[PDB]
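Undergrad: Could you have a look at this structure, given as structure tokens, before my questions?
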Amino acid sequence: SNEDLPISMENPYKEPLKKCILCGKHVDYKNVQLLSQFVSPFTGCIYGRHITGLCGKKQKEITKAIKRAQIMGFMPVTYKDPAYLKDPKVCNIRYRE
Amino acid sequence: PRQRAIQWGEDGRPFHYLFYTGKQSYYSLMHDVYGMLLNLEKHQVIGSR
Amino acid sequence: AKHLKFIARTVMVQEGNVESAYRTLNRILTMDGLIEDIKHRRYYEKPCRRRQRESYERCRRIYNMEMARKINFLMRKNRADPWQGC
Amino acid sequence: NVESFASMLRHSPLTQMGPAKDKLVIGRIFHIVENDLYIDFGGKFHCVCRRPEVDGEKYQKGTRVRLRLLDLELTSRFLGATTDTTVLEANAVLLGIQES
Amino acid sequence: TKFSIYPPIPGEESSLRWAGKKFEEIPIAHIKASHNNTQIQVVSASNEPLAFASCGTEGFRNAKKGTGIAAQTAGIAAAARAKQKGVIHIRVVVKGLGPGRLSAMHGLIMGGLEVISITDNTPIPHXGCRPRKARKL
Amino acid sequence: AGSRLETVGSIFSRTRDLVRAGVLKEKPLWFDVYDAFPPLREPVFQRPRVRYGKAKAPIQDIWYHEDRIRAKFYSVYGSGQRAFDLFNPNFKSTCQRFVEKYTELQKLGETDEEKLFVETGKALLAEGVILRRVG
RNA sequence: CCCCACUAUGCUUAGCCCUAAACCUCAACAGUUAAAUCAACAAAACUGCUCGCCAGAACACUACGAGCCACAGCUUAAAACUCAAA
Ligand code: FES
Ligand SMILES: [K+]
Ligand SMILES: [Mg+2]
Ligand SMILES: [Mg+2]
Ligand SMILES: [Mg+2]
Ligand SMILES: [Mg+2]
Ligand SMILES: [Mg+2]
Ligand SMILES: [Mg+2]
């Protein structure tokens, strides 16, 4: 018919979907350094996904990993272990003064 | 009292191109003032109230 | 009770400014939800009431976030009138 | 041998550009309101850019400028709406002036 | 060095000192700020009691105990008995959201003590005892 | 005598019918023109309805074979530092110049994709084109 | 209603009891988005198919009968008199 007519296909300019900082990585309850990055320094409260930026799947793995690590003797509950206070701050929460 | 004249002829065609606004005299003035402001751009108290 | 002390919920005072240290601590406990948690725990909230309030709080946040997004989007045109007189 | 519309569209610069996000385009200032510059860049809608602080007086009607496009049309659908709300303007960042 | 609101961690080598004493050696002022009373006890780092004052022990009774000025008076009284025992710097540990939560700390300062840190230890059960039923008012 | 039922038929049908019934003594000035040169669709009020379930609009996305080449070029080399001039109807961007060379080499019998893309970049470099890889 | 004290009770075990505004107040399954979009409100409007259910209000989550570990219980569930509304 006509060579210049549009052709059916999938979007070639489509961009990849977004990924959380932990997409594709195993979350172990023994990796307390990673888990501590998602709890409050002062109170030990687990951050919601709106602060951590994690997706539903990793938000759940982190939560379950934290709860497992806490009661098995790997992680404190009421505060962030001070050893991990100087790790990369990946959470959208501003506290001090 | 001053009476506004008929605004259309025998054929029924209004004289002014803004007749159907209902405010042809007011909107004709706004059109003349707005047009002057345009031409300026292309080119570029005590005793009065 | 079994944890180490003077780590959790602990703020150091700078230059004797105890008021600013207390405000920082109060801000910390507020942001983590501890103040509201303590207050709601003075009297027992019944499960039917807790679910109703949590549902109301979650829906109000969505509506407020969505109403903020609309106002931000529709404030781009707050600039001066470009066609004044027309 | 009359060119068809399908032919015009395939070989149009706007079609050849692809996505508009982060595309450098040349615009032309056609209307100015105080420090608001109205710039057409070949699309459906103009963009509105604030006069840069540096060399602000160099931006006048007819001045051709360089833009980094973000969206050809700013539209969003809000909760409880059957259609999209549009502000009838493009989103672009003014970089500077184009000179030869 | 820049100021850190995080307290020095015991076992690490910090440079902060108060009258030649480390953070772990500074006495502790325990303030219990209840809704109807305020109790203040100053203890040593070894858990030796040094001074005690409360609104009830300062001659306040009934609803007057549940006021800021009553807690402020209790703080001054505890500071006086503690200062006699050699206390200058104290770590403040306040549990409870009563009216004497902040005022009790003011009295400690007016009494001659320097507060180097503030710690909240208000008991928060993680799931615990069922509280009393809501009030109809 | 007339009809303001704008949702009942069209201005033509309502006018034609009232003219037949003798309600309108004279035909309007436009009636004879509409009759001779009617629109493609008779203007009848319709209520726009919302689609539900498995109903989808028939509009199709406009894509071209070269769009695959454009996506890769933007990924590999990014958007050219040269600025698009959408006012000139014959403007050619660095990507379009790449696409034209890529198409020419494909017509010479080459069929591999990864090989047909590397040879195209070399040709442009020989012609003096600046191709700074993004990464 | 407010304050304090305290018991049955809330818990565990083994048996019962079988009721909720047991409510998305939307029966299950399948299909449609074109027709008229549609009393109103809720939760956009409908088709096919099947089971359950309903036929003015009140009497009545009642009486009697029957069944039930239930015995001040539950399920099923009328009538007479009365009204022109509900
Ligand atoms: S986005 Fe992939 S696991 Fe989180
Ligand atoms: K319900
Ligand atoms: Mg239920
Ligand atoms: Mg069924
Ligand atoms: Mg009946
Ligand atoms: Mg019953
Ligand atoms: Mg019965
Ligand atoms: Mg019976």
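As given, the protein sequences belong to chains P, Y, B, X, D and Z, one line each in that order.
With the first letter of the first sequence counted as 1, position 34 gets the number 79 in UniProt numbering; the numbers rise by one all the way through.
Reading the second sequence from the start, the letters are residues 133 to 176, 194 to 198 in UniProt numbering.
With the first letter of the third sequence counted as 1, position 28 gets the number 29 in UniProt numbering; the numbers rise by one all the way through.
With the first letter of the fourth sequence counted as 1, position 75 gets the number 150 in UniProt numbering; the numbers rise by one all the way through.
With the first letter of the fifth sequence counted as 1, position 39 gets the number 96 in UniProt numbering; the numbers rise by one all the way through.
With the first letter of the sixth sequence counted as 1, position 10 gets the number 11 in UniProt numbering; the numbers rise by one all the way through.
The C-beta atom is built at its ideal place from N, Cα and C for all residues, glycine as well.
Figure out for me which residue from B:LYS40, B:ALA22, B:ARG80 and B:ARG50 has the closest Cα to the Cα of P:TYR140.
TA: For P:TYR140, the nearest C-alpha among the options comes from B:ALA22.
Undergrad: Please compile the residues from chain P whose C-beta is within a distance smaller than 7 Å of the C-beta of D:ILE66.
TA: Within chain P, the residues near D:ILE66 are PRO127.
Undergrad: Since B:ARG59 meets chain X, which of its residues come closer than 7 Å, beta carbon to beta carbon?
TA: Those within 7 Å of B:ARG59 in chain X number zero; the least Cβ separation is about 14 Å.
Undergrad: Anything in the stretch 69-81 of chain B with a Cβ closer than 8 Å to a Cβ of chain X? List those residues in chain order, please.
TA: Listed in sequence order: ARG70, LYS71, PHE74, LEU75, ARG77, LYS78, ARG80 and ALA81.
Undergrad: With a cut-off of 8 Å, do at least 3 Cβ pairs link the stretch 64-72 of chain B to the stretch 9-25 of chain Z?
TA: Output reads no: the stretch 9-25 of chain Z does not touch the stretch 64-72 of chain B.
Undergrad: Within this structure, are the beta carbons of P:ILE96 and P:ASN137 separated by less than 8 Å?
TA: Against a cut-off of 8 Å, the Cβ pair of P:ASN137 and P:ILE96 comes out as a contact.
Undergrad: I need the straight-line Cα distance from Z:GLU27 to Z:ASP36, nearest angstrom please.
TA: The alpha-carbon atoms of Z:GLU27 and Z:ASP36 are separated by roughly 15 Å.
Undergrad: Are the stretch 123-139 of chain X and the stretch 90-98 of chain X touching by the rule of at least three beta carbon pairs closer than 8 Å?
TA: No: the two stretches stay apart, fewer than three of their Cβ pairs being nearer than 8 Å.
Undergrad: From the DSSP output, in three-state form, read off Y:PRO146 for me.
TA: Correct three-state label for Y:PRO146: strand.
Undergrad: Confirm, please, whether the CB-CB distance from D:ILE62 to B:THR25 is below 8 Å.
TA: A contact, by the Cβ cut-off of 8 Å.
Undergrad: Run through DSSP, which three-state label would Z:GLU27 get?
TA: Coil, per DSSP.
Undergrad: Could you please tell me which residues of the stretch 107-128 of chain X, in chain order, have their CB closer than 8 Å to any CB of chain B?
TA: So the close ones are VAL108, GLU109, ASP111, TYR113 and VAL123.
Undergrad: Going by beta carbon distance, what residues of the same chain come within less than 6 Å of D:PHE117, once the five residues before and after it are set aside?
TA: For D:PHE117, where only same-chain residues beyond five positions count, the Cβ hits under 6 Å are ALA127.
Undergrad: DSSP on B:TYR57, reduced to helix/strand/coil?
TA: Helix at B:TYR57.
Undergrad: Measure from the C-beta of Z:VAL51 to each C-beta in chain X and report whether the shortest distance is under 8 Å.
TA: Yes, Z:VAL51 lies at the interface with chain X (some Cβ there is under 8 Å from its Cβ).
Undergrad: If I follow the unbroken alpha helix (DSSP H) through X:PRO88, where does it start and stop?
TA: 88-92 is the extent of the alpha helix (DSSP H) around X:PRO88.
Undergrad: Determine the DSSP secondary structure at X:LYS136, reduced to helix, strand or coil.
TA: Reduced to three states, the DSSP call for X:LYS136 is coil.
Undergrad: Look at Z:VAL77 and Z:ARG42 and say whether their C-beta atoms are less than 8 Å apart.
TA: No; because the gap between Cβ atoms is not below 8 Å, this pair is not in contact.
Undergrad: Specify the secondary structure class of Z:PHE88 as computed by DSSP and reduced to three states.
TA: Here Z:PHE88 sits in coil by DSSP.
Undergrad: Would a check of beta-carbon distances place P:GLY101 closer than 8 Å to chain B?
TA: False, the Cβ-Cβ gap to chain B never drops below 8 Å.
Undergrad: Could you tell me the distance, in whole angstroms, from the CA atom of D:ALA135 to the CA atom of P:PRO127?
TA: If you take the alpha carbons of D:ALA135 and P:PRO127, they lie about 32 Å apart.
Undergrad: If you compare alpha carbons, which of P:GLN78, P:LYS112 and P:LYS70 is closest to P:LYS103?
TA: P:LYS103 has its Cα closest to that of P:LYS70, out of P:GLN78, P:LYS112 and P:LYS70.
Undergrad: Any idea which residues DSSP pairs D:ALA108 with across the strands?
TA: Per DSSP, D:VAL99.
Undergrad: Okay, do the stretch 104-121 of chain X and the stretch 87-94 of chain Z touch, 3+ Cβ pairs below 8 Å being the bar?
TA: With the cut-off at 8 Å, the stretch 104-121 of chain X and the stretch 87-94 of chain Z touch.
Undergrad: Of the residues that make up the stretch 53-86 of chain Z, which ones have a beta carbon closer than 9 Å to any beta carbon in chain X?
TA: Answer set for the stretch 53-86 of chain Z: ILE63, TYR65, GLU67, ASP68, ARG71, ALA72, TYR75, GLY79, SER80, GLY81, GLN82, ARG83, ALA84, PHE85 and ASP86.
Undergrad: Is there a C-beta anywhere in chain B that falls below 8 Å from the one on Y:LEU169?
TA: Closer than 8 Å to some Cβ of chain B, the Cβ of Y:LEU169 qualifies, so yes.
Undergrad: Check whether chain X comes within 8 Å of B:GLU55, counting only Cβ atoms and requiring the distance to be less than that.
TA: It does not: the Cβ of B:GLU55 has no partner Cβ on chain X nearer than 8 Å.
Undergrad: With distance defined between alpha-carbon atoms, name the residue in D:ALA76, D:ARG158 and D:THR58 nearest to D:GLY143.
TA: D:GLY143 has its Cα closest to that of D:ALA76, out of D:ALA76, D:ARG158 and D:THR58.
Undergrad: Tell me which same chain residues have a C-beta within less than 8 Å of the C-beta of X:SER151, skipping the five on either side of it?
TA: The answer, listed in chain order, is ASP159 and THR160.
Undergrad: Which of the three DSSP states, helix, strand or coil, is assigned to X:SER151?
TA: Looking at X:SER151 - three-state DSSP - the assignment turns out to be strand.
Undergrad: Taking CB distances under 8 Å as the criterion, tell me whether B:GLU46 reaches chain X.
TA: No, its Cβ sits nowhere closer than 8 Å to a Cβ of chain X.
Undergrad: Name the two residues that bound the continuous alpha helix (DSSP H) containing Z:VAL77.
TA: It spans 66-78 - the alpha helix (DSSP H) in which Z:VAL77 sits, taken as one unbroken run.
Undergrad: Buried or exposed: which applies to D:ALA120, given that a residue is buried once 16 or more other Cβ atoms fall within 10 Å of its Cβ?
TA: Exposed, by the Cβ-count rule.
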